[PDB]
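Within every chain, numbering begins at 1; the chains are lettered A, B, ... in the order of the sequence lines, protein sequences first and strands thereafter. Heavy-atom basis, side chains included; hydrogens, waters and symmetry copies ignored.
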Amino acid sequence: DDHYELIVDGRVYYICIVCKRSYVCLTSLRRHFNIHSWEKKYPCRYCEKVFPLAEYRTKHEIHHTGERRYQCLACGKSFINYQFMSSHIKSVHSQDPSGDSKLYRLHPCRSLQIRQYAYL
DNA sequence: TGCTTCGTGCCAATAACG
DNA sequence: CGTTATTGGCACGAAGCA
Ligand SMILES: [Cl-]
Ligand code: NA
Ligand SMILES: [Zn+2]
Ligand SMILES: [Zn+2]
Ligand SMILES: [Zn+2]
């Protein structure tokens, strides 16, 4: 037992018992709760670091390999993560990649074995 | 104050089951 | 191998940090 619920205007929110963060999804509360319980460990397969969420380890491991999955479509430069790509496109191209038009391509991950999304 | 990492709704892909 | 149950990839704003 790791949560209680709160219902406001007919909307259900799941509240973590330890820190009282609220979640629209019970799956998000569970993913978050590992930060408290450390029931599940996600150790980096290249260094000593251990993370409480799978996605923190994955994004960390890409720094080890150096794969540059985020490609600017305006000039072709590639970047290790969304933030570098977004900042490049905003400052060099004066355009916002968030939604609207598709200014970048996310290539599949080939330097690690992670789940493969067919839309890439 | 610009890099660095975190965080969470959404949901597709993979794990689990026996 | 057939479904479903669960994980975790992703965006991109938030937070951390020097
Ligand atoms: Cl690359
Ligand atoms: Na968001
Ligand atoms: Zn919590
Ligand atoms: Zn590492
Ligand atoms: Zn560019």
Would you indicate what A:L106 reaches in the nucleic acid, counting non-hydrogen atoms under 4.0 angstrom: base, sugar-phosphate, or nothing?
sugar-phosphate
Assert: residue with more 5' nearest nucleotide on DNA chain B, out of A:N81 and A:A118, is A:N81
Rounded to whole Å, how long is the line connecting atom CZ of A:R30 with atom P of B:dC11?
20 Å
Members of residues 94-101 of chain A that approach DNA chain B, where some heavy atom sits under 4.0 Å away:
none
Any base atoms under 4.0 Å from A:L120, or only sugar-phosphate, or nothing? Heavy atoms, all strands.
sugar-phosphate
Of all the heavy-atom pairs spanning A:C47 and A:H60, show the shortest one and how long it is.
SG-NE2, 3.6 Å
Please state how far atom NE2 in A:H32 lies from atom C1' in C:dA15, giving the value in whole angstrom units.
15 Å
A:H63 vs B:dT5: side-chain N/O to OP1/OP2 distance below 4.0 Å:
yes
When rounded to whole Å, the OH to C1' distance for the pair A:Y117 and C:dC10 reads 7 Å
To the nearest angstrom, the CG-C1' distance between A:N34 and C:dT6 comes to 14 Å
If you compare every side-chain N and O of A:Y119 against the phosphate oxygens of C:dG9 (OP1, OP2), does one of them come in below 4.0 Å?
no
Side chain to side chain contact (heavy atoms under 4.5 Å, CB included) with A:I15: which of A:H3, A:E5, A:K20?
A:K20
Side chain of A:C25 only, heavy atoms from C-beta on: which candidate in B:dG9, C:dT7, C:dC12 is closest?
B:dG9
Check whether any side-chain N or O of A:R68 sits under 3.5 Å from a backbone N or O of A:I80 as a donor-acceptor pair, and report yes or no.
no
Reckon A:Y14 touches a base, only the sugar-phosphate, or nothing at all at heavy-atom distances under 4.0 Å?
nothing
Figure out the CD/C1' separation between A:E39 and C:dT6, and round it to whole Å.
14 Å
In the structure I gave you, are the side-chain heavy atoms of A:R57 and A:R45 within less than 4.5 Å of one another anywhere?
no
For A:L112 and B:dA13, give me the distance from atom CG to atom P, rounded to whole Å.
19 Å
Picking from C:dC10, C:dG8, B:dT8, which would you name as closest to the side chain of A:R21?
B:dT8
Look at the side chain of A:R69 and decide which nucleotide, out of B:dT8, C:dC10, C:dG8, has an atom nearest to it.
C:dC10
Within a strict 4.5 Å, meaning less than it, do heavy atoms of the A:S111 and A:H64 side chains meet?
no
Is a donor on one side and an acceptor on the other found under 3.5 Å between the side chain of A:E61 and the backbone of A:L112?
no
Does any N or O donor sit under 3.5 Å from an N or O acceptor when you compare the side chain of A:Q83 with the base of B:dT5?
yes
Options C:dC12, B:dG9, B:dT14, nucleotide nearest the side-chain atoms of A:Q116:
B:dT14
Presence of A:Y23 side-chain N/O under 4.0 Å of B:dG7 phosphate oxygens OP1/OP2
no
Kindly say whether, by distance alone, the side chain of A:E55 makes a donor-acceptor pair under 3.5 Å with the base of C:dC10?
yes
Using the closest heavy atom to pick a nucleotide of DNA chain C for each, name whichever of A:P108 or A:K90 lands nearer the 5' end.
A:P108
A:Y13: ring pair (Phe, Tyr, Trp, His ring centres under 6.0 Å) partners, not counting sequence neighbours
none
Sub-4.5 Å side-chain heavy-atom contact between A:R69 and A:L120:
yes
A:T27 or A:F51, whichever maps to the more 5' nucleotide of DNA chain B:
A:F51
Just to be sure I understand the rule, does A:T58 reach a base, reach only the sugar-phosphate, or reach nothing, if contact means heavy atoms closer than 4.0 Å?
sugar-phosphate
Can you check whether A:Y70 has a side-chain N or O nearer than 4.0 Å to OP1 or OP2 of C:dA11?
yes
Nearest-angstrom distance from the residue atom CZ of A:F33 to P of C:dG8:
18 Å
Hey, does A:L29 reach any base, or is it just sugar-phosphate, or nothing, if we go heavy atoms under 4.0 Å?
nothing
More than 12 heavy atoms of other residues, nucleotides or ligands under 6.0 Å from CD of A:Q113: yes or no?
no
Using a cut-off of 4.0 Å on non-hydrogen atoms, how would the nucleic acid contact of A:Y56 be classed: base, sugar-phosphate, or nothing?
base
Does C:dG8 have its OP1 or OP2 closer than 4.0 Å to a side-chain nitrogen or oxygen of A:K40?
no
Once hydrogens and angles are ignored, does a donor-acceptor distance under 3.5 Å link the base of C:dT7 to the side chain of A:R31?
no
Report the stems of DNA chain C as range-with-range entries sorted by first number; a stem here is at least three consecutive pairs, Watson-Crick or G-U wobble, both distances under 3.5 Å, and write none if there are none.
B:1-17 with C:2-18
Would you call the rings of A:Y82 and A:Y104 parallel, tilted or perpendicular, where under 30° means parallel and over 60° means perpendicular?
perpendicular
Nearest-Å distance for atom pair CD/P, residues A:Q113 and C:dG9
12 Å
Would you say that A:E48 contacts A:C44 through its side chain, given a criterion of any heavy-atom pair below 4.5 Å between the two side chains?
no
What is the ring orientation for A:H93 with A:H88, classed by angle as parallel under 30°, tilted 30 to 60°, or perpendicular over 60°?
perpendicular
